[PDB]
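**Student:** Experimental coordinates for this protein are included below, preceded by the sequence.
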Amino acid sequence: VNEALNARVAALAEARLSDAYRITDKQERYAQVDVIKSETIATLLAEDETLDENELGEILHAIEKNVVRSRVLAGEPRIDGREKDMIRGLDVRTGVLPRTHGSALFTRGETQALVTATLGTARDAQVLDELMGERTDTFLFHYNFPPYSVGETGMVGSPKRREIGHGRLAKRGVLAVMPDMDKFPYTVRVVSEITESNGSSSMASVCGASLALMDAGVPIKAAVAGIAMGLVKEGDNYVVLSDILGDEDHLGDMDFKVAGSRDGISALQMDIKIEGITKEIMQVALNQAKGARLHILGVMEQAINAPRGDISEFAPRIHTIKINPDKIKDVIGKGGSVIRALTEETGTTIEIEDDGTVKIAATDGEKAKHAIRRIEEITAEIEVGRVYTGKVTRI
Amino acid sequence: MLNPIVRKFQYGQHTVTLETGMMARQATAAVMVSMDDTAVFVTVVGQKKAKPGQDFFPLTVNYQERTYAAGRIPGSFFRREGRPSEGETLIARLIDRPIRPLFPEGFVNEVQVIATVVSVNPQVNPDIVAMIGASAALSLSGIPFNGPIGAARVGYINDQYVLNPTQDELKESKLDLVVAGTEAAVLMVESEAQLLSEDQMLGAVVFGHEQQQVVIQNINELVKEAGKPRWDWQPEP
């Protein structure tokens, strides 16, 4: 145990740490704690050349965690002022980026996710070899966690389950509410970049994805939001924390992440580090999570009520028109001459597919309308017989 | 609650817009710069405690092009274009070269600049938007840095200089030249030319530098309206 050093440092600090945590200002607390800390750090350095951070810090951090621990169990405001049921302040804005198929910024206190959706043709679907059987995914999710998000320098790209966890949890959360391929023909990719983080940012990407998809006009069957929960237990007594910071990790003995619509769970993750959880405790834990999740989904619905009817002008729009099948010839031409002329001027890809059906595509609506307008004056054309006012072009 | 501070000026027939405060609020400074539809999110982090052993300046600049910025799925083998290509590494060098000597003598704190392209109109190149974004993001922060930098691209068409040509005008032009500089002086020039005379090249450099000044005017207006206080950093005696 090495208790003699444990006891002496506890006597020097506990009485002053338990004072400092009552302070309402985040910054003055931090400042006062960092002073008490270094003092008894140094003061017992006087008694002997005892250890440095190697032991002191540790013996100290523990006193701190035990202090927050007892404060939370007793029934005192948590380290950030909130009680044991208040998700932090929310702000939500949509269409935040120009010329993306649909995009949103979701914010919960210090946590932010910037999320964007992109539409592909059936050709853009990912196809993959696995031992249990090869698969084709029409829904794709990517999660990026750059170092500035946590206020630190380092490698801009670093791969960890910190990201594949949050890349997979978020996908499971949204996958349940996606439209079926026969209603919505496009492949969809969503990417979430965590612009800033206080630990719990996977669930901010679920909320941001639901906004980004509605903005893009994907017909998702309902909005989906997520909450990060923790439970503190000591003897028979326990308390459940509705929305939990990246540093109150120590408080959580069981922490569970739950995501869904107003009327059912879509994904659930739980880790239980301490024995003596029972079905009764899990029942009340999820019942509190439901209250918080239903609050967030209310604020999201106020920002955007339903998915829009227009697919983003820039996103590709599959369509076809039935022009006169016999008129094929003056849209082909000798050696495909009027195909080459139409496709190069209009910058639009053109096909005749089946019995006079024309398929036409580009990035811009301008190009597509130009092409359509051009083929509607060669074929399906207003030339029945009645008199027309013509501008004289050449003589 | 979240409140963005925006200053929109004008610049060679396009209209740049600078936004702050709204996002990555935990970075030292963060700016969403956007000319026309080409938008790039640029963020600075620098650590206040200089490593006690250190004896050089560890500046790192990372420029990354997200494919969702053009509304295309990746469709590639290597980590969905995870590693930076040549096409990205060169643009990082174009940001590094004018910035690196403009930090004060004896500064040794680690600094990291990340520029991520989040939208692109195909006619307006994001590189020189990233360059004015890096200028904004350094100058908004407390970090000790010798004044803002502009950036400009000059073309040559029918014997007239053209500021910021679009990607179509560029193919008609017999010159492609980037300039970066301060109120006082040019810092960096890089160019391709179809066998122009040395006089025509310096004409381009002067013309570029004379009108990148409008970027410097607007950056200084944002800095005193929304800038963090300067670090209490002093030179090593």
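**Tutor:** Nice, thanks for sending it over. Residues are numbered from 1 along each chain as shown, chains lettered A, B, ... in the order given.
**Student:** For residue B:66, which residues are in contact?
**Tutor:** A:191, B:116, B:117, B:118 (Cβ atoms under 8 Å, 6 or more residues apart in numbering or on different chains). In this view, the C-beta of every residue, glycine as well, is placed from N, C-alpha and C.
**Student:** Can you tell me which of these is nearest residue A:72?
**Tutor:** Relative to residue A:72, the closest of these is residue A:191; by Cβ to Cβ it sits at 36.1 Å.
**Student:** In terms of helices and strands, where is that closest one?
**Tutor:** Using DSSP states H and E, residue A:191 falls within strand A:187-196.
**Student:** Helices - which of the contacts of residue B:66 land there?
**Tutor:** Using DSSP state H, no member of the contacts of residue B:66 falls in helices.
**Student:** just the CA coordinates of the strand holding residue A:191, formatted as CSV?
**Tutor:** The C-alpha trace of strand A:187-196 is given here as CSV (Å, rounded to 0.1, in the frame of the first residue of the first chain):
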residue,chain,number,x,y,z
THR,A,187,-25.8,5.2,-52.2
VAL,A,188,-25.2,7.6,-49.2
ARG,A,189,-22.0,8.4,-47.4
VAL,A,190,-22.0,10.5,-44.2
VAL,A,191,-18.8,11.9,-42.7
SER,A,192,-18.5,13.5,-39.2
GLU,A,193,-15.5,15.6,-38.2
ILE,A,194,-15.2,16.4,-34.5
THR,A,195,-14.2,20.1,-34.5
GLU,A,196,-14.0,20.0,-30.6
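**Student:** helices or strands next to it in the packing?
**Tutor:** Packing partners of strand A:187-196 (3 or more Cβ pairs under 8 Å, 6 or more residues apart in numbering or on different chains; DSSP states H and E): strand A:111-120, strand A:139-144, helix A:202-216.
**Student:** most tightly surrounded among those?
**Tutor:** Ranked by mean neighbour count under mean count of other Cβ atoms under 10 Å in any protein chain shown, these are led by helix A:202-216, which reaches a mean of 28.
**Student:** can you give me the angle that one makes with strand A:187-196?
**Tutor:** Computed by axes from the mean of the first three to the mean of the last three Cα atoms, to 10 degrees, the angle separating helix A:202-216 from strand A:187-196 equals 130 degrees.
**Student:** sorry, back to before: which neighbours does the strand holding residue A:191 have in its sheet, and in what orientation?
**Tutor:** If you go by DSSP bridges, strand A:187-196 pairs up with strand A:111-120 (antiparallel), strand A:139-144 (parallel).
**Student:** Show me how far that strand is from its chain's centre.
**Tutor:** Distance, stretch centre to chain centre, for strand A:187-196: 6 Å (Cα atoms, centre = their mean, to the nearest Å).
**Student:** What count of nearby residues applies to residue 175?
**Tutor:** Answering for chain A, as no chain was given. When neighbours are defined as other Cβ atoms under 10 Å in any protein chain shown, residue A:175 has 14 of them.
**Student:** Correction: the question concerned chain B.
**Tutor:** Residue B:175, neighbours per other Cβ under 10 Å, totals 22.
**Student:** For it, name its beta-bridge partners.
**Tutor:** Judged by DSSP bridges, the bridge partners of residue B:175 are residue B:193.
**Student:** Equivalent analysis for residue A:113, please.
**Tutor:** residue A:106.
**Student:** That one against residue A:200, yeah?
**Tutor:** No: the criterion here is Cβ atoms under 8 Å, and residue A:113 misses it with residue A:200 at 11.0 Å.
**Student:** Would you mind measuring from the closest residue to residue B:75 other than its chain neighbours to residue A:167?
**Tutor:** Nearest residue to residue B:75 in three dimensions, chain neighbours excluded: residue A:124, at 6.1 Å (Cβ to Cβ, 6 or more residues apart in numbering or on different chains). From residue A:124 across to residue A:167, the span is 19 Å (Cβ to Cβ, to the nearest Å).
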